[PDB]
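A short reminder: the numbers here are calculations on the coordinates, not readings from a lab. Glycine also receives a Cβ, built like all others from the backbone with ideal geometry; neighbour counts cover every protein chain displayed.
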DNA sequence: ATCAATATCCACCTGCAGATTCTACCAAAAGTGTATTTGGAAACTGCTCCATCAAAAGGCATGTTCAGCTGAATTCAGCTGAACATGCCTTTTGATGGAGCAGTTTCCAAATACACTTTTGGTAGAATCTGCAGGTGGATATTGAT
DNA sequence: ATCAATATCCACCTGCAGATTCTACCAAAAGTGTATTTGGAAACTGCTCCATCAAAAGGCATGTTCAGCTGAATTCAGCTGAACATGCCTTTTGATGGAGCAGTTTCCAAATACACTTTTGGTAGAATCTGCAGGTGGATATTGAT
């Protein structure tokens, strides 16, 4: 039986080596059309256009996760907490 | 005798209420000309132009101090340390 | 050998007397105002130019100014801004 | 509709005569070239307006390159640009 | 339907970011921040499309919407 | 002009203390002042670099305030109050 | 002829629509510039200046002064959410800062 | 005989000239400016393509994919400073795990 | 520290389906060659604005002490999150039908760019006012010790 | 809770540095009248997008255990803030020299606008390579017991 954190660390290598989409495409399009119809009904989407949203969201959130983890390392911890996410957004000029 | 931290807290109020320059103008003007002559000999400055540098540097450093102090509050301390500044610079998208 | 240069000082003073007839304004604050007006004008005009180029169109109508205002101003600022702008445009078109 | 694919392919055959490139990477390259062209042209236009000048000479492009490229890259960029300008003017 | 973004997907995104340990209370703040970003981007993109007098949202509209927020994206036409 | 030497000594410790007090800091470690002067000098070098480039393009020996405003705006730092 | 009324009076504004028109033409934004664009833009500029000037005037009177100085402008911009979101990337000379001390640093 | 060959470039000086004129950047456009700009663009493209090709050799592949571009940009100092505000589709990220989280 | 034993990657080989590379043509930019304008470079010069330069002071920085209070270091109990196994269903992948838009062309009514001529509001001093900066004095609020 | 001791607001006064108003010009909008584009309206034309439907599968959701991690509680050495004496240097203010801008004029080397004449890169097919997904075998790393 593997130690806790070991299967997680060697997972980090899998995802930092791969580049494929890390989000299921079907739920992501469901949400995109939800918000799009929330701002304007009867809007259509290019197949390429929705792929652009997934890449941008993945990159933004990945960077946010790295910065949150930096906030934890600084706070002398490993477990990320919502106390850390709101710190990153506060220092990001956002 | 004032208790430690009290004279410091009431300092924050005065300096956060005032707007005047918190750095002596002569040493700041000496350094600006140092760097400018470091990049090109025989360069002059408008009297107003150096005032522009001081305001921008002061504002930048004040904002950096506020974010560093936020990093300290998050790390559960009050004393700011260089371990906190390099965190702020890393998250500001500038370092 | 004495020169001249245009500025928005007089109009800012007119608006100041509009909203607060008693209050004055310093020269430094006037320079702040000029820089602010120029920055906003540059932002709006730039986004308008990009909007024009994006549709293979070479002209700038008030529609592009309206959409740029909708893009650059956050919320009720954009709502009231569009309201006053449409009011002024509809008042100007009638040429009354 | 125009695109920079062929010229990117030419430069690739210049620096790597055997190696190919995927279509996604080609789109990356085109997007990059357009973004950089936009940066340079924008700073050049602003520099033109700042001096009540209505024309854009290669001097403004040189100063914009010196402003937008950080350090070790701007020297090489200015060298190649002035090289191309001299080689074009002299013949 | 924003709840459709599953927990293991957020775990994978965090693991790509280099995080070792994840609290359970993270997922709420995560979906919230994602929803804010998506709402902003879709707002600007839909304005870009609605100005062009069209009903279809092309990828260039998204690229412009992101570029307005200081987030250049390559790979879809600019 | 002059072979200046040690002008960083002009940024006093109590001056950095005052700047930090404006930033809302209550307690300060001794190791702060070094990193402070470092970051300040780096920022100043960048801004003066861009301003001197603007001047050398403007065919002049004097660095006006508009040059500083442009240099700051290039770094995403708009400044009001000296455009006129 | 038709006796001249300025464009500002025809639109009911305080900002000169003609000067904005000249800046739009000579500004290298587009080759041709419509007729309603300078009216619209001058209207928007007037509205925003009125906003920040009213805020600065009230903030100045709360200090019991009858003349707007840069500090009043900084307080007026930083105490509002939307204006601060618009000018987050801006600093004001002679401006000062917003008085804010975290609750962790306060006495107990 | 073309301007691109007369200047010793691979990028079309004519296309840059047309884009500069029709782009609403300035009323007048110099003659050496498009040459200069096309030269700079060619140089930077050559830089990034050499870096990506070398990274593809380190991966032992003969076709440039977005991952090679991301790795080539993020491993270089100047290019990373230039494109810090940019994301690359199909790109991934730089493999980096903090030293605090490792065993031993 | 060793050591046996999984599990887990890593290195090299391998076939193939899908992109990739190579070919055969043309509207539209690119190139050449005149007929012109024109911005801007060159030369003075009028003149602000910068750079030194002096000097006392008094405001502030420096150096040293001392104590209180904070950051660092340690222990540890409880719990939260990871690992793993399970089974079920939501996702992908493939294929069709057709419908609602974009996109292409064509042709004007309307809007805007120019080319000149007057009419002013805007700007730069001159001449006036006038809130604000320092400086006192009183009345509170705050802080620290019993 | 009291009580002494500072630090802090608040108002007032006055002289003045600066904000305001008044006046005299003048660059630039406003007005008149042509000449030029262009967005847009109408009609097609394909073309991606949306909506279903099946099936293979692998990822998701659940539940259980357990280990390591995080928060709470304590201690204390050392560090940093407040204080005080000492002395050093940054501020104001005036005046000059002159250097370096701005402003003004003048005249080409260069840029623009067109009229034709080529060249080409873009689009739509025909015909090849090569990383993706696996597969073994070896090389490491982990985890657990001596």
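For region H:4-19, filtered to residues that are more than 9 Å from DNA strand I (Cβ to nearest atom) and outside any helix (DSSP H, G or I), the residue that is farthest from the chain's Cα centre (by Cα) is H:8. Quickly run through region E:53-75 and pick out the residues that are in a helix (DSSP H, G or I) and touching a helix residue (DSSP H, G or I) at 6+ places or on another chain (Cβ under 7 Å). Passing the criteria: E:59, E:61, E:62, E:63, E:64, E:65, E:66, E:68.
So that you can scan it fast, the table gives a plain yes or no per residue for (1) surrounded by fewer than 20 Cβ atoms within 10 Å (Cβ to Cβ); (2) within 16 Å of DNA strand J (Cβ to nearest atom); (3) away from chain F (no Cβ under 13 Å); (4) closer than 21 Å to residue B:69 by Cα:
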| residue | (1), (2), (3), (4) |
| --- | --- |
| G:57 | no, yes, yes, no |
| G:62 | yes, yes, yes, no |
| G:66 | yes, yes, yes, no |
| G:74 | no, no, no, no |
| G:77 | no, no, no, no |
| G:88 | yes, no, no, yes |
| G:91 | no, no, no, yes |
| G:99 | yes, yes, no, yes |
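Apart from one condition, residue E:78 fits all of (1) in a helix (DSSP H, G or I); (2) more than 7 Å from chain A (Cβ to nearest Cβ); (3) in contact (Cβ under 8 Å) with a residue 12 or more places away in the chain; the exception is (1). In a residue-by-residue description of region D:62-80, the property of being in contact with a helix residue (DSSP H, G or I) (Cβ under 7 Å, 6 or more places away or on another chain), within 12 Å of DNA strand J (Cβ to nearest atom), within 7 Å of chain H (Cβ to nearest Cβ) and assigned to a helix (DSSP H, G or I) applies to no position.
Scanning region F:29-52 for any residue that is in contact with a strand residue (DSSP E or B) (Cβ under 9 Å, 6 or more places away or on another chain) and not in a helix (DSSP H, G or I) turns up at least one such residue.
Exactly one residue among D:58, D:23, D:31 is within 29 Å of residue H:92 (Cα to Cα) and within 7 Å of another protein chain (Cβ to nearest Cβ), and that residue is D:31.
Looking at E:65, E:45, E:59, which is the one that is under 14 Å from residue A:52 (Cβ atoms), more than 9 Å from chain A (Cβ to nearest Cβ), within 17 Å of the chain's Cα centre (by Cα) and free of Cβ contacts under 8 Å to residues at least 60 places away in the same chain?
Working: E:45 fails: more than 9 Å from chain A (Cβ to nearest Cβ); E:59 fails: more than 9 Å from chain A (Cβ to nearest Cβ).
Going through E:65, E:45, E:59 in turn, just one is under 14 Å from residue A:52 (Cβ atoms), more than 9 Å from chain A (Cβ to nearest Cβ), within 17 Å of the chain's Cα centre (by Cα) and free of Cβ contacts under 8 Å to residues at least 60 places away in the same chain: E:65.
Of the residues contained in region E:6-14, none is found to be in contact with a helix residue (DSSP H, G or I) (Cβ under 6 Å, 6 or more places away or on another chain), over 27 Å from residue A:17 (Cβ atoms), within 14 Å of DNA strand J (Cβ to nearest atom) and facing chain A (nearest Cβ under 9 Å).
Would it be correct to say that residue H:52 is within 15 Å of DNA strand I (Cβ to nearest atom), within 14 Å of chain E (Cβ to nearest Cβ), part of a helix (DSSP H, G or I) and touching a strand residue (DSSP E or B) at 6+ places or on another chain (Cβ under 7 Å)? Yes: the conditions hold for residue H:52. So, in region H:20-45, how many residues would count as being within 11 Å of DNA strand I (Cβ to nearest atom), at the interface with another protein chain (Cβ under 7 Å from one of its Cβ atoms) and outside any loop (DSSP other than H, G, I, E, B)? Number of matching residues: 4.
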